[PDB]
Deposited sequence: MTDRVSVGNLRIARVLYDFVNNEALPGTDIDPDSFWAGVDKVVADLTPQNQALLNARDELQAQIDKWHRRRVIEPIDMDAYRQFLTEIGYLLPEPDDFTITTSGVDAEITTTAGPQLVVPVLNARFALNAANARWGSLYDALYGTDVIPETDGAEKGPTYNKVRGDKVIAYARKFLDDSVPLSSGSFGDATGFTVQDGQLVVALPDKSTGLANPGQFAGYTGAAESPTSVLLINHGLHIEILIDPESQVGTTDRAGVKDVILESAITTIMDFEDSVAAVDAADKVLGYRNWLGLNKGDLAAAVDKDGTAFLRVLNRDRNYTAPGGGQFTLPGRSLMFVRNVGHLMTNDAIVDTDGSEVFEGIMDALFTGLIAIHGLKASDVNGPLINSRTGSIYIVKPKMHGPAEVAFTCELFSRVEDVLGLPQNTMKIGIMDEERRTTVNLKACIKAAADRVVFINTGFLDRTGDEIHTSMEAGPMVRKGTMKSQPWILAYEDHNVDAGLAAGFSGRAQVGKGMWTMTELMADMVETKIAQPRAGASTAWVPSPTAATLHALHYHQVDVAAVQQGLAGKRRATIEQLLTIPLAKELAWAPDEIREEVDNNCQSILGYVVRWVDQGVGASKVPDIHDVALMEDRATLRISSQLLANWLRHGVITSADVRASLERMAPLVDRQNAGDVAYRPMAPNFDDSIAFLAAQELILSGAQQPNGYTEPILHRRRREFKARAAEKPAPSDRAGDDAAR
């Protein structure tokens, strides 16, 4: 392209140069030995990678055939389960065990709080996410519909005092609920002082302390007239900023300017479903941002925050981290990428490359940043890698062996590279204990989702019959059981106090009132973390962890088995004649708009995540798993005669101009309508649906990557 020869590999020059000039210096790793390591690891692990992919296909073919030779309407669970066991899909449950993972930071082992996920190719967003460890509660309340924009309290071009007062009152109630006063309410506070290491809150008629003095964590400024007061509840910090001479402070009874919440405790820097990266140039853009993050010098000048200084209650000095602790999500076992090809021209597995390169790069986050002093990331010496889309314990074991070999190449101690196991494929769900066991000395989390897991659910039972609607899926018995089972398995493996048990993303970015009402379900269900789409959502989701004592919840769940294998295996088949014709067309339109809305940005602009208007103009921020579910759902309805290929076409044709219109705010946008078959993005959308049934596990990357490359190539006219 050109390329650099290293043993059997031919490495794109842009990648070779990036590694030598930017990634390797400072790690003390010999460049020649690194490259030899890449060649050797790729040579050794590629056949097993392929074998695992082939095993997926064989298992799916047998399941397809199982359904096709049967006609008995309600599936016979006893026979179905027996079959899955016979073919090696459902494996024996291993004996009880406790994970042994060590060298993990407090943010992961102990603290319960929000976890942000952000596309690594977007430097600005990545920087904001890393800085989202602390976030303004006032900004999050004033800025969103959590304070409804009723008559009088609407957002204007400038400060609305009626709304501001609602913000202040909301936050006073939060303080009363989270760090209660011995007597009275924060609502009536007139001032704060620190006396003999104790926080003293002035009320109109008297003073009072905290009902739990231990929740006083520190302050800034003079004890007798502090600039801020720091509190702690359920392990998360709350900072009341005091400034009577500020916009908001001047209107406040105690001169309070803002309430800052410790928010995004951890952040996942994403190389997978939220980015579009289809070649060496794209991968290098991502690797370079990941590098800047770990070295602490990424600047877009928007830069990375320093740690925060405080005075302890007794008068001593301390610091708290000002940055979100970073994971990186590598791609999974499926895709290859032409950033490296072999002597035959065969592309190298992208997951293997990500392990080597993001692993190398992460070394920088384990050492002092030349910018602001202290090392950026893990003080305990771990590298946290989220590994998506695995199917079963052999695939987890493979990932661990991959990490083991990379560690050897990088000169890292064994088990430095920790694994966040995504539970987003059915064959992992039903063998979860075994998957955790295979990574018992590396695992730092498990997590559940809606989108990918539902995509796998549909594809796996594609031949069984028509599935329920997309919106219906999120409340089906299989998924509710999957959610509980994930928690059960993690807690039984001793995750409490050792590893994160995590839940899925809130995708409706503008519907924050609904988020605050609803997402509380997740920490109530024993999750020590869950996914948020923005720093703003991280600050709001933090509220939930102040209301819910996750550590106590997990202790209470101990020993409980709340999901059976039968519940897990309950296929979401639609009942006979479940929909009217208008409902069918609505669901078709929903899915085509979902696919078109996402695919047009991906293919034409290389954007893998953004705020996308749905069919009802609700802003959704979904990653690529949205494509997997929608295309699989339509493929399934087309497969079983629910809709015809003309229904699909007409819907694509109806939805495309609507998508075009929804993208009017974009200088770079290129309309799909009316020259449909001249738009590579439109053809991509069509191809995802019509070829959906034949994509391995319904994965959208093979078609998406090809189409994006096609667009890129023709752009080079």
Counting from 1 along the deposited sequence, the ranges with no C-alpha atoms are 1, 302-310, 728-741
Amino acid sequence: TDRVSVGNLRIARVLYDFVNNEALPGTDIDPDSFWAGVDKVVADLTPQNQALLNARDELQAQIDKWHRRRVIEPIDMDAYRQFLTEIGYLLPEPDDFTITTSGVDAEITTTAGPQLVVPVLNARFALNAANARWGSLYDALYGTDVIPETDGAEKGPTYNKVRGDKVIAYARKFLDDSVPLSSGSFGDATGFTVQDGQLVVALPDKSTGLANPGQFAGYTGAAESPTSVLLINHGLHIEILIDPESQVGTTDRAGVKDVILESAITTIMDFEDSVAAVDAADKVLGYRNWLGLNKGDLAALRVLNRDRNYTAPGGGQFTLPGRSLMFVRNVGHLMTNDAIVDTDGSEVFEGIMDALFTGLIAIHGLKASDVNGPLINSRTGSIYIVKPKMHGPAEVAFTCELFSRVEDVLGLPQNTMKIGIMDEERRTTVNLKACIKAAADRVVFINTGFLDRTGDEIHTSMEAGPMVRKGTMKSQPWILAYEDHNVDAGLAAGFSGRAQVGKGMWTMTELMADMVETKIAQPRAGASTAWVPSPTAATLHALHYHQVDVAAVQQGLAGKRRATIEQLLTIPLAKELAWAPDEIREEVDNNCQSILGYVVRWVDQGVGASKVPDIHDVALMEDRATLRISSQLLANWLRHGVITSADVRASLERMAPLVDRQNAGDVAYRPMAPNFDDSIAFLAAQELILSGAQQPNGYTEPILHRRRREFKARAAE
From here on, numbers count along this sequence of modelled residues.
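Basically, rigid core = biggest C-alpha set you can superpose within 1.5 Å across the two forms.
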Superposing the other structures by the rigid core, the farther-displaced stretch by RMS over CA atoms in 6 other deposited structures of this protein, of 279-287 and 444-452, is 444-452
Core-aligned CA RMS in 6 other deposited structures of this protein: between 362-370 and 627-635 the higher one is 362-370
As a check of understanding, is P74 unmodelled in at least a third of the other compared entries that model its flanking residues? yes
Given the other compared entries that model the residues flanking it, would you say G665 is unmodelled in at least one third?
yes
Going by the entry, of stretches 678-686 and 661-669 the one with greater average Cα B-factor is 661-669
As the entry reports it, the stretch among 281-289 and 555-563 with higher mean C-alpha B factor is 555-563
Listed options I383, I571, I376, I340: highest C-alpha B factor recorded at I376
Scanning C400, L627, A481, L203 for peak Cα temperature factor in the entry gives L203
Here the Cα B-factor of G420, set against its chain, lands in the third termed lowest
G37: CA temperature factor from the record, placed by chain third, in the highest
Chain-relative C-alpha B factor for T27 (record values, thirds): the highest
Sorting the chain's modelled residues by C-alpha B-factor and splitting them into thirds places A51 in the middle
Sorting the chain's modelled residues by C-alpha B-factor and splitting them into thirds places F174 in the middle
